[PDB]
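Visitor: This is the structure I have questions about; it appears just below.
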Amino acid sequence: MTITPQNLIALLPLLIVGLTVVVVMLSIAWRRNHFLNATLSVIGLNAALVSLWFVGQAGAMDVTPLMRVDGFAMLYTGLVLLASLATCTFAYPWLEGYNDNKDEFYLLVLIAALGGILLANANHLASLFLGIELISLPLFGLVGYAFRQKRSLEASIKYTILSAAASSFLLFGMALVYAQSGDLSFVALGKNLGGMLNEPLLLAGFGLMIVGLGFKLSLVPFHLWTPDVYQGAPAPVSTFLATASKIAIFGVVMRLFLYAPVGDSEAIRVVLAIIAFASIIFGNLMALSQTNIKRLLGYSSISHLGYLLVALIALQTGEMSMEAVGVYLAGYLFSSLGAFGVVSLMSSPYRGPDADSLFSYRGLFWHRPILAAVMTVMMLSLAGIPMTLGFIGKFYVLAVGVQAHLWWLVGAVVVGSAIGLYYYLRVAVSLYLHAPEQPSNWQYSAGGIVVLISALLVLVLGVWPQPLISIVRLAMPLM
Amino acid sequence: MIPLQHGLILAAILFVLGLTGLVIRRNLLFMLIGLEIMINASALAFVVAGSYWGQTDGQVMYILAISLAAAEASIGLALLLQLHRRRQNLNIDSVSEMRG
Amino acid sequence: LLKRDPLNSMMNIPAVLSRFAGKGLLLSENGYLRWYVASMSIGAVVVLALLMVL
Amino acid sequence: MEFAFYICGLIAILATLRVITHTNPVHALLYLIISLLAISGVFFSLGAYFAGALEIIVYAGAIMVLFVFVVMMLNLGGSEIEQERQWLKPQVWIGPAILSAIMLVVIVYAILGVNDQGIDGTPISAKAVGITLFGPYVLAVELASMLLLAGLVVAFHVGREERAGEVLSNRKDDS
Amino acid sequence: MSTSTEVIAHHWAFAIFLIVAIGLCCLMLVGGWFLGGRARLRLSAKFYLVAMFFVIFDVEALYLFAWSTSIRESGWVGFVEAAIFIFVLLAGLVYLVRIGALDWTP
């Protein structure tokens, strides 16, 4: 299928992020300026957001067999751009005290944002594979950006090896499902079958795809990469791989499971039920004895992705699961954004590789009280506690689980949340205690007001969640 | 002439042997070698699947697979020589400072 | 006999079981990449076996 | 031409088996080179001429070149691991091979039972791959170009020396 | 194919050419061996950099390998996408020139 120049308006965030990639590249080549490159990157992301509004002026299109653009793609695309904007604003004070080159960070953030936009727009197996690799490889750059430090190099090694293994597993799985069904589009993955939906070859290929995707979504037992990668990587990198990567990969996973008729199978659903059950229980139990905030947030990402998966199980029955996942993903995005923003602001600047990159959350209120208030607001939001948007997402996933009679999974969600709030408000209280022992830059203030708007947004959308539901239900994809 | 089952069995055998070499071997260079074996097996499976249906999408997926193989093999080798320049050993069980 | 609370203890054994399960599950996070790939292979085997049985 | 496919597959399996269980890595890379050559012969036997051409042009012509570059560059001979011979012991070799053999058994159980029209002739020319690759796959080639650009940028950022000279010692943490 | 009685002759000629070139080289080495009578450090990262440039630009070249066959079957839209492909390729290339990764300077 050729590309009509009516379809050119639908590609606009993708093309603007690519154009700002090449403009940032030529600006690095010409001048090697830090502030100018960061300004060009954030200007490109903001132009991508306003061009996403211009996409919203147009309709929902199917450009190529690779790409379909609609409200689903629009919403998670905008989430990807705003997460990348937050990553850049958190990373500029971190990169201010960096010795080596400090603009390939922005180039890789832009490229991984472009891959996330592709994953949101992905309506094909090739587009899914290319998007997850376009998320993975700039993440290899971002995690191992401080390669002089021991822990960042270790995290980069672990992430690279395990993600290469997952990419090969997913590639073999899509090879098997392409050998079974002679098409690579999502909608044609089970059209030839029809009581004979449980073909062993298609089921094995989708199981290998489940392995390769549940690595990225930190689903058990492909979850052991998570705390090491969260701890070793820089804090803005941890922010980006917590919000944007998991949001884009879960969005393309849901579009795959919605468009393909293999989601009606009673074996894939049961396997994902077991995976979500064990993921919620294991992540919530494994964050219990944690004193490092980044490892604890990695296990929290495991548990929240288990909540996402139990929301995904009732996709074919409740008809509200996509809305619930949109609301929960917005809440999780803003909560992790605020928490990792406080982490990045306290861990800024880099201060060399020999220094210890420990957050030391105890006693945070007594020198920077606003960051402590934002962090305890995020800990309330991530725990499924009201006046916060995380409780709205928790209510939505509980309604989704109880609507399709997922009683084991609903009990798992309840038990895991009761386990989780222990360490959640343990951290939220410990940041108000007394520490034994222990700033004015305008972009540090920019990161502070970014996490301040994040806290205001989660509080307002916890006490008044109707606009988020209205803009999520308006972004209804093709059914 | 040739069944699809034999080619897919060959690809599965290569992928399994690549996974075996990825797990049983401490040397990170050998782990990257096993990773390239697994990527080659997946690309071979895609090529066999494309040639069975008479479509060229399998070769397109092969091209994407070898592009990823090239880029992330460069990634792994750059990280390997960084590991060699810092800790002076390519052992992968020695770099285990980050534990649960 | 009730100077220590028995029913509080019998309602606290969920917390004891949770802490024991956490302590036993952090043994998997040994920090070794080889064990991570081995667990990846184990999970792939488990997923394939569960899909073939069902 | 099915006999050539069978011979190429058998020697590819044998070559990668010797890759997995070899001591020094230069002969392992040589066996992997001949394994990629056999995989290219398999590609030619199935009518995928462009796939085998790209296999020896790039996979056996650029990737193994990079591996041999690194091996001869940092002067690794497999030392301080080849004196252990840990992979020639039952307690290390039995377990993961059993796990991977279980994976192989279940996945080839999944392979069997599928209907099979069989591999036919009519080889897929590179012209059709060019039509499809620049037809419905415009975004594929542009975003793969950006993927290769990202990989180039990362490995330049990580794998640059920042020192001087074409001979450097293995100093701890580069002073 | 093995039934068109001319391309099968070309296939036989190609295979015999390969096996007899290999046999000629083997017999030349055999004649060299039989007849005559008897009687730490590390290189750099710039070699890795140039080899990585080779492989990355080689895949970005194989894309043009595939494009050059269907250069007239595809229309001007194919020319536009190949033009922006070559433009971002040259942008990365001039990035490598201007940063200094592409120079030796002994």
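The chains in the structure tokens are called A, B, ... from first to last as shown; in each chain the residues are counted from 1, and the ligands are counted from 1 in the order shown.
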For stretch 37-45 of chain B, find every residue with an atom within 6 Å (counting only C-alpha atoms), except residues of its own chain fewer than 3 positions away, and show them as a count of residues only.
Guide: 12
Visitor: If we count only C-alpha atoms, what is near residue D:81 at a cut-off of 9 Å, once residues fewer than 3 positions away on the same chain are taken out, given as a ChimeraX atom specification?
Guide: /B:26-27,91 /D:23,78,84-86
Visitor: Identify, on the basis of only C-alpha atoms, every residue whose closest approach to residue E:61 does not exceed 12 Å; exclude the query and any residue fewer than 4 positions from it along the same chain; express the result as a PyMOL selection string.
Guide: (chain B and resi 63+67) or (chain D and resi 54+57-58+141+145+148) or (chain E and resi 53-57+65-68+82+85-86+89-90)
Visitor: Residues near residue B:50, anyone? I mean within 12 Å using only C-alpha atoms, not counting same-chain ones fewer than 2 positions away, as number ranges by chain.
Guide: A: 174-184; B: 4, 7-8, 43-48, 52-62; D: 43, 46-48, 51, 119-120, 123-124, 129
Visitor: Please find the residues of chain B near chain D - the criterion being any atom within 7 Å, counting only C-alpha atoms - and write them as a PyMOL selection string.
Guide: chain B and resi 1-5+8-10+12-14+16-17+20-21+23-25+51-52+56+59-60+70-72+74-75+78-79+81-82+85-88
Visitor: Mind writing the picked residues with N, CA and C atoms as an mmCIF file, in the first residue's frame?
Guide:
```
data_model
loop_
_atom_site.group_PDB
_atom_site.id
_atom_site.type_symbol
_atom_site.label_atom_id
_atom_site.label_comp_id
_atom_site.auth_asym_id
_atom_site.auth_seq_id
_atom_site.Cartn_x
_atom_site.Cartn_y
_atom_site.Cartn_z
ATOM 1 N N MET B 1 8.629 -30.178 -2.173
ATOM 2 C CA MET B 1 9.857 -30.964 -2.177
ATOM 3 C C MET B 1 10.345 -31.229 -0.757
ATOM 4 N N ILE B 2 10.416 -30.174 0.041
ATOM 5 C CA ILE B 2 10.916 -30.233 1.413
ATOM 6 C C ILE B 2 9.772 -29.878 2.353
ATOM 7 N N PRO B 3 9.516 -30.668 3.392
ATOM 8 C CA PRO B 3 8.499 -30.280 4.374
ATOM 9 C C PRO B 3 8.919 -29.056 5.174
ATOM 10 N N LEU B 4 7.914 -28.279 5.588
ATOM 11 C CA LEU B 4 8.150 -27.150 6.486
ATOM 12 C C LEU B 4 8.614 -27.620 7.859
ATOM 13 N N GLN B 5 8.187 -28.823 8.261
ATOM 14 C CA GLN B 5 8.503 -29.344 9.586
ATOM 15 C C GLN B 5 10.000 -29.558 9.764
ATOM 16 N N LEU B 8 11.687 -26.075 10.187
ATOM 17 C CA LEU B 8 11.374 -25.519 11.500
ATOM 18 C C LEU B 8 12.050 -26.305 12.619
ATOM 19 N N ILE B 9 12.211 -27.619 12.446
ATOM 20 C CA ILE B 9 12.946 -28.433 13.409
ATOM 21 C C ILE B 9 14.421 -28.046 13.420
ATOM 22 N N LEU B 10 14.996 -27.789 12.240
ATOM 23 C CA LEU B 10 16.379 -27.324 12.153
ATOM 24 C C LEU B 10 16.561 -25.987 12.866
ATOM 25 N N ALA B 12 14.649 -24.768 15.272
ATOM 26 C CA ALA B 12 14.479 -25.001 16.704
ATOM 27 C C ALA B 12 15.722 -25.630 17.321
ATOM 28 N N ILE B 13 16.372 -26.546 16.596
ATOM 29 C CA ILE B 13 17.599 -27.172 17.083
ATOM 30 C C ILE B 13 18.707 -26.137 17.228
ATOM 31 N N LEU B 14 18.852 -25.256 16.231
ATOM 32 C CA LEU B 14 19.865 -24.206 16.319
ATOM 33 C C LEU B 14 19.571 -23.237 17.459
ATOM 34 N N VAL B 16 17.891 -23.924 20.237
ATOM 35 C CA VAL B 16 18.117 -24.638 21.489
ATOM 36 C C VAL B 16 19.608 -24.746 21.791
ATOM 37 N N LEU B 17 20.425 -25.032 20.772
ATOM 38 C CA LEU B 17 21.869 -25.109 20.986
ATOM 39 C C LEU B 17 22.459 -23.739 21.307
ATOM 40 N N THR B 20 21.653 -23.182 24.902
ATOM 41 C CA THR B 20 22.550 -23.991 25.720
ATOM 42 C C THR B 20 23.916 -23.332 25.854
ATOM 43 N N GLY B 21 24.465 -22.835 24.744
ATOM 44 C CA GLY B 21 25.722 -22.110 24.807
ATOM 45 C C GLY B 21 25.625 -20.769 25.501
ATOM 46 N N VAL B 23 23.685 -20.332 28.190
ATOM 47 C CA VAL B 23 23.556 -20.611 29.621
ATOM 48 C C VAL B 23 24.826 -21.233 30.197
ATOM 49 N N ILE B 24 25.402 -22.245 29.538
ATOM 50 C CA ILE B 24 26.468 -23.021 30.179
ATOM 51 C C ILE B 24 27.833 -22.353 30.147
ATOM 52 N N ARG B 25 27.971 -21.205 29.491
ATOM 53 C CA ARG B 25 29.273 -20.612 29.220
ATOM 54 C C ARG B 25 29.432 -19.313 30.000
ATOM 55 N N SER B 51 9.306 -18.631 2.790
ATOM 56 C CA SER B 51 9.444 -19.436 1.583
ATOM 57 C C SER B 51 8.345 -20.479 1.455
ATOM 58 N N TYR B 52 7.741 -20.902 2.568
ATOM 59 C CA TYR B 52 6.635 -21.851 2.490
ATOM 60 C C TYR B 52 5.398 -21.211 1.871
ATOM 61 N N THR B 56 7.364 -12.578 0.316
ATOM 62 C CA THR B 56 8.650 -11.946 0.577
ATOM 63 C C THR B 56 8.700 -11.243 1.926
ATOM 64 N N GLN B 59 11.601 -12.584 4.129
ATOM 65 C CA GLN B 59 12.918 -12.008 3.885
ATOM 66 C C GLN B 59 13.025 -10.592 4.441
ATOM 67 N N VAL B 60 11.918 -9.845 4.465
ATOM 68 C CA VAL B 60 11.912 -8.532 5.109
ATOM 69 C C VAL B 60 12.152 -8.671 6.608
ATOM 70 N N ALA B 70 23.158 -7.002 13.880
ATOM 71 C CA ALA B 70 24.324 -6.148 13.681
ATOM 72 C C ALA B 70 24.424 -5.083 14.761
ATOM 73 N N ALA B 71 23.322 -4.368 15.004
ATOM 74 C CA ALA B 71 23.361 -3.249 15.935
ATOM 75 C C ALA B 71 23.609 -3.717 17.367
ATOM 76 N N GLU B 72 22.869 -4.726 17.833
ATOM 77 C CA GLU B 72 23.062 -5.165 19.209
ATOM 78 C C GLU B 72 24.284 -6.060 19.386
ATOM 79 N N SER B 74 27.100 -5.117 17.886
ATOM 80 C CA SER B 74 27.983 -3.986 18.148
ATOM 81 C C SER B 74 27.823 -3.487 19.581
ATOM 82 N N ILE B 75 26.586 -3.479 20.082
ATOM 83 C CA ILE B 75 26.313 -3.049 21.454
ATOM 84 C C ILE B 75 27.049 -3.950 22.439
ATOM 85 N N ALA B 78 30.932 -3.628 22.192
ATOM 86 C CA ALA B 78 31.393 -2.401 22.838
ATOM 87 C C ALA B 78 31.372 -2.540 24.353
ATOM 88 N N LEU B 79 30.293 -3.115 24.891
ATOM 89 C CA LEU B 79 30.227 -3.348 26.329
ATOM 90 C C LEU B 79 31.247 -4.390 26.780
ATOM 91 N N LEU B 81 34.315 -4.898 25.412
ATOM 92 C CA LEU B 81 35.639 -4.287 25.496
ATOM 93 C C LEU B 81 35.701 -3.240 26.601
ATOM 94 N N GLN B 82 34.573 -2.599 26.928
ATOM 95 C CA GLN B 82 34.540 -1.744 28.113
ATOM 96 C C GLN B 82 34.745 -2.559 29.387
ATOM 97 N N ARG B 85 38.384 -3.392 29.546
ATOM 98 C CA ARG B 85 39.216 -2.255 29.915
ATOM 99 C C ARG B 85 39.018 -1.827 31.365
ATOM 100 N N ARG B 86 37.895 -2.182 31.990
ATOM 101 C CA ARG B 86 37.703 -1.810 33.391
ATOM 102 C C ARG B 86 38.136 -2.915 34.355
ATOM 103 N N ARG B 87 37.516 -4.093 34.271
ATOM 104 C CA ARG B 87 37.784 -5.125 35.267
ATOM 105 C C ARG B 87 38.843 -6.136 34.843
ATOM 106 N N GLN B 88 39.318 -6.077 33.597
ATOM 107 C CA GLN B 88 40.375 -6.924 33.043
ATOM 108 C C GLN B 88 40.029 -8.410 33.024
#
```
Visitor: At what distance in Å, to one decimal, does atom CA of residue A:235 lie from atom CA of residue A:340?
Guide: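 Atom CA of residue A:235 lies 6.6 Å from atom CA of residue A:340.
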Visitor: Hey, can you check how far atom CA of residue A:26 sits from atom CA of residue E:95?
Guide: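 Atom CA of residue A:26 sits 6.4 Å away from atom CA of residue E:95.
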Visitor: For residue A:295, please output as number ranges by chain all residues within 6 Å (counting only C-alpha atoms; exclusion window: fewer than 3 positions along the same chain).
Guide: A: 227, 231, 292, 298
Visitor: Could you pull out all residues of chain E with a DSSP call of alpha helix (DSSP H) and give them as a ChimeraX atom specification?
Guide: /E:7-34,46-69,76-99
Visitor: Got a sec to pull out which chain E residues are within 8 Å of chain A, counting only C-alpha atoms, and send them as a ChimeraX atom specification?
Guide: /E:77,88,91-92,94-96,98-99
Visitor: Filtering to N, CA, C and O atoms, could you give me those residues as a PDB file, in the first residue's frame?
Guide:
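Saved the output as part-v2.pdb:
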```pdb
ATOM      1  N   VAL E  77       7.655   7.964  -4.899  1.00  0.00           N
ATOM      2  CA  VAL E  77       7.555   7.830  -3.447  1.00  0.00           C
ATOM      3  C   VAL E  77       8.698   6.968  -2.915  1.00  0.00           C
ATOM      4  O   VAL E  77       9.252   7.237  -1.838  1.00  0.00           O
ATOM      5  N   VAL E  88      19.331  10.888   6.276  1.00  0.00           N
ATOM      6  CA  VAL E  88      19.645  10.611   7.678  1.00  0.00           C
ATOM      7  C   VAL E  88      20.936   9.798   7.787  1.00  0.00           C
ATOM      8  O   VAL E  88      21.687   9.938   8.766  1.00  0.00           O
ATOM      9  N   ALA E  91      23.526  12.338   7.512  1.00  0.00           N
ATOM     10  CA  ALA E  91      23.526  13.114   8.748  1.00  0.00           C
ATOM     11  C   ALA E  91      24.332  12.411   9.830  1.00  0.00           C
ATOM     12  O   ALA E  91      25.153  13.037  10.512  1.00  0.00           O
ATOM     13  N   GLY E  92      24.131  11.100   9.982  1.00  0.00           N
ATOM     14  CA  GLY E  92      24.966  10.334  10.899  1.00  0.00           C
ATOM     15  C   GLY E  92      26.424  10.308  10.476  1.00  0.00           C
ATOM     16  O   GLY E  92      27.329  10.374  11.316  1.00  0.00           O
ATOM     17  N   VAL E  94      28.099  12.684   8.683  1.00  0.00           N
ATOM     18  CA  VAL E  94      28.703  13.982   8.961  1.00  0.00           C
ATOM     19  C   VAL E  94      28.780  14.245  10.461  1.00  0.00           C
ATOM     20  O   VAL E  94      29.664  14.985  10.907  1.00  0.00           O
ATOM     21  N   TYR E  95      27.906  13.620  11.257  1.00  0.00           N
ATOM     22  CA  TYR E  95      28.064  13.636  12.707  1.00  0.00           C
ATOM     23  C   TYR E  95      29.363  12.951  13.117  1.00  0.00           C
ATOM     24  O   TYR E  95      30.119  13.469  13.949  1.00  0.00           O
ATOM     25  N   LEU E  96      29.648  11.792  12.515  1.00  0.00           N
ATOM     26  CA  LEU E  96      30.892  11.086  12.809  1.00  0.00           C
ATOM     27  C   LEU E  96      32.117  11.858  12.325  1.00  0.00           C
ATOM     28  O   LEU E  96      33.171  11.804  12.969  1.00  0.00           O
ATOM     29  N   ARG E  98      32.293  15.281  12.062  1.00  0.00           N
ATOM     30  CA  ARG E  98      32.464  16.513  12.818  1.00  0.00           C
ATOM     31  C   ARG E  98      32.819  16.258  14.276  1.00  0.00           C
ATOM     32  O   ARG E  98      33.484  17.094  14.898  1.00  0.00           O
ATOM     33  N   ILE E  99      32.385  15.130  14.842  1.00  0.00           N
ATOM     34  CA  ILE E  99      32.783  14.804  16.208  1.00  0.00           C
ATOM     35  C   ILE E  99      34.260  14.428  16.259  1.00  0.00           C
ATOM     36  O   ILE E  99      35.006  14.897  17.129  1.00  0.00           O
TER      37      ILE E  99
END
```
Visitor: Of the candidates A:199, A:161, A:48, A:289, which shows the shortest atom-to-atom distance to residue B:22, using only C-alpha atoms?
Guide: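 Checking each candidate against residue B:22, we get A:161 as the closest.
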Visitor: Give me, as a Markdown table, each residue of chain C that comes within 8 Å of chain D, together with its shortest interatomic pair and the distance in Å at one decimal, counting only C-alpha atoms, with rows ordered by chain and rising residue number.
Guide:
```
| residue | atom | partner | partner_atom | distance |
| --- | --- | --- | --- | --- |
| C:38 | CA | D:96 | CA | 7.3 |
| C:41 | CA | D:100 | CA | 7.4 |
| C:42 | CA | D:99 | CA | 7.2 |
| C:44 | CA | D:103 | CA | 7.7 |
| C:45 | CA | D:103 | CA | 5.5 |
| C:48 | CA | D:106 | CA | 7.1 |
| C:49 | CA | D:106 | CA | 7.0 |
| C:52 | CA | D:110 | CA | 7.9 |
```
Visitor: Restricting the output to N, CA, C and O atoms, write the selected residues as an mmCIF file, in the first residue's frame.
Guide:
```cif
data_model
loop_
_atom_site.group_PDB
_atom_site.id
_atom_site.type_symbol
_atom_site.label_atom_id
_atom_site.label_comp_id
_atom_site.auth_asym_id
_atom_site.auth_seq_id
_atom_site.Cartn_x
_atom_site.Cartn_y
_atom_site.Cartn_z
ATOM 1 N N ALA C 38 18.961 -18.704 32.679
ATOM 2 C CA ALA C 38 18.428 -20.021 33.023
ATOM 3 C C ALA C 38 16.969 -19.936 33.459
ATOM 4 O O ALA C 38 16.154 -20.793 33.097
ATOM 5 N N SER C 41 14.874 -19.488 30.383
ATOM 6 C CA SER C 41 14.646 -20.780 29.740
ATOM 7 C C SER C 41 13.614 -21.608 30.501
ATOM 8 O O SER C 41 12.767 -22.276 29.891
ATOM 9 N N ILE C 42 13.673 -21.570 31.836
ATOM 10 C CA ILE C 42 12.711 -22.291 32.667
ATOM 11 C C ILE C 42 11.303 -21.748 32.445
ATOM 12 O O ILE C 42 10.341 -22.515 32.310
ATOM 13 N N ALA C 44 10.206 -20.157 29.733
ATOM 14 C CA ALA C 44 9.780 -20.546 28.391
ATOM 15 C C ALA C 44 9.297 -21.993 28.363
ATOM 16 O O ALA C 44 8.273 -22.302 27.737
ATOM 17 N N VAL C 45 10.013 -22.886 29.056
ATOM 18 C CA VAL C 45 9.599 -24.285 29.152
ATOM 19 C C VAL C 45 8.253 -24.406 29.861
ATOM 20 O O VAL C 45 7.372 -25.155 29.422
ATOM 21 N N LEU C 48 5.433 -23.087 27.530
ATOM 22 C CA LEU C 48 5.162 -24.027 26.443
ATOM 23 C C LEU C 48 4.474 -25.292 26.948
ATOM 24 O O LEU C 48 3.548 -25.799 26.303
ATOM 25 N N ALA C 49 4.899 -25.806 28.107
ATOM 26 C CA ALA C 49 4.278 -27.002 28.668
ATOM 27 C C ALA C 49 2.841 -26.737 29.099
ATOM 28 O O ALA C 49 1.963 -27.583 28.894
ATOM 29 N N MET C 52 0.758 -26.591 25.961
ATOM 30 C CA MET C 52 0.552 -27.898 25.348
ATOM 31 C C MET C 52 -0.379 -28.786 26.165
ATOM 32 O O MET C 52 -1.137 -29.572 25.585
#
```
Visitor: Per residue of chain C within 8 Å of chain B, what are the shortest atom pair and its distance in Å to one decimal, counting only C-alpha atoms, with rows by chain and residue number, as JSON lines?
Guide:
```
{"residue": "C:26", "atom": "CA", "partner": "B:100", "partner_atom": "CA", "distance": 5.7}
{"residue": "C:27", "atom": "CA", "partner": "B:100", "partner_atom": "CA", "distance": 7.4}
{"residue": "C:28", "atom": "CA", "partner": "B:100", "partner_atom": "CA", "distance": 7.9}
{"residue": "C:29", "atom": "CA", "partner": "B:100", "partner_atom": "CA", "distance": 4.7}
{"residue": "C:30", "atom": "CA", "partner": "B:99", "partner_atom": "CA", "distance": 5.3}
{"residue": "C:31", "atom": "CA", "partner": "B:99", "partner_atom": "CA", "distance": 4.3}
{"residue": "C:32", "atom": "CA", "partner": "B:96", "partner_atom": "CA", "distance": 5.6}
{"residue": "C:33", "atom": "CA", "partner": "B:92", "partner_atom": "CA", "distance": 7.1}
{"residue": "C:34", "atom": "CA", "partner": "B:23", "partner_atom": "CA", "distance": 5.7}
{"residue": "C:35", "atom": "CA", "partner": "B:23", "partner_atom": "CA", "distance": 7.9}
{"residue": "C:37", "atom": "CA", "partner": "B:23", "partner_atom": "CA", "distance": 6.3}
{"residue": "C:38", "atom": "CA", "partner": "B:23", "partner_atom": "CA", "distance": 6.2}
{"residue": "C:41", "atom": "CA", "partner": "B:19", "partner_atom": "CA", "distance": 7.9}
```
Visitor: Taking only C-alpha atoms into account, find every residue of chain E that has an atom no more than 9 Å from chain B, and write it out as JSON, numbers by chain.
Guide: {"E": [42, 45, 48, 52, 55, 56, 59, 60, 62, 63]}
Visitor: Have a look at atom CA of residue A:428 and atom CA of residue A:345 and let me know their distance in Å, one decimal.
Guide: 17.2 Å
